[PDB]
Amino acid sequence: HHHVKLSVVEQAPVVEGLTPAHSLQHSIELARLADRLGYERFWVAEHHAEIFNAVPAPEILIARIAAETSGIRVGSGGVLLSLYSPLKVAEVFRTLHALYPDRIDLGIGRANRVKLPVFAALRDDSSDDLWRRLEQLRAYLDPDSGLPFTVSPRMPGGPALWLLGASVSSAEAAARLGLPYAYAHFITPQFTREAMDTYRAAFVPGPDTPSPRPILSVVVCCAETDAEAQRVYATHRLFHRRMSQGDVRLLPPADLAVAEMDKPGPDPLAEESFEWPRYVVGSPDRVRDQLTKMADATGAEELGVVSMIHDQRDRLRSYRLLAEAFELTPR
């Protein structure tokens, strides 16, 4: 059957015992695996001033990862366009497109979760402002738009524009603008169904996009058995306990996390409830079944698979097992 396709969204977490440089190397390794296994695209997220995420400049990792891979699309998931000149962004992604013809995604995301002093420093001198910037970007990417100057480097075609959101409002905007849309279920699981319904219902065809193109971004923690999956997931659980207490540290090791979560204390992930779990955990069959329900309900063509896994060996396993569960054709 036409299973849902799988893609990777990489925020490059920094894990206890390692450094941001390890995170970057691990991103490359994951991208090469994802390329070989038949994932559709590999996106790199933008995070600023967080010790636990290694990539504030996705465009730099994109430039590298596209050179290390052949078939997978590579791009941003997403560039925080509110922080930048739309012309600068257009130039950067045109340069990527000129290096990696027709392989580059320009996913654009909201800067609403950037800390205020950091935001102010990145700006160096709003809801609707982003959508305006997004129109400006689309215009800079159209070489016939009648601007008084050229957007270098000019080549036929261009990067594929995507809007990333975690709100019903973003889904309305993506619909209005006729953009492909990726919804972060793992960020706002209370509105996933409504957002994806709204995107599809309100969709107005845009330039290269005659029909809705929905992706669902999900955190998945998959291992051979439910018990092993729960062990790998403990890292994430403890990261949430710790963050709820203002304890900001690198992703903790699984075995340590298992021990901690067996003790009394906050468990924000256990204490909340949505239609679908915020983070999807289990054996290959269990995660496949859960994710397929979610994809059917939302009309998602692909799942953008995010992970918060301490150990690279566990992480690569998760993605390998998922490819097999979704019957991906290798490259």
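Note that residue numbering follows the sequence shown and begins at 1.
- Set 135-143 against 219-227 and average the Cα temperature factors; 135-143 ends up higher.
- Between 246-254 and 93-101, the higher mean Cα B-factor belongs to 246-254.
- If you compare the C-alpha temperature factors of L81, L116, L238, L164 in the entry, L116 comes out highest.
- Each of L87, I72, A201, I108 has a CA temperature factor in the record; the biggest one is found at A201.
- Remark: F274 belongs to the highest third of its chain, ranked by C-alpha B-factor as recorded.
- Ranked within its chain, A182 lands in the lowest third, by CA B factor from the PDB record.
- In the PDB entry, a CA B factor belonging to the middle third of its chain's modelled residues is recorded for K293.
- Per-chain ranking of the deposited C-alpha B factor places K263 in the highest third.
- Among the modelled residues of its chain, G157 has a C-alpha B-factor that falls in the middle third according to the deposited record.
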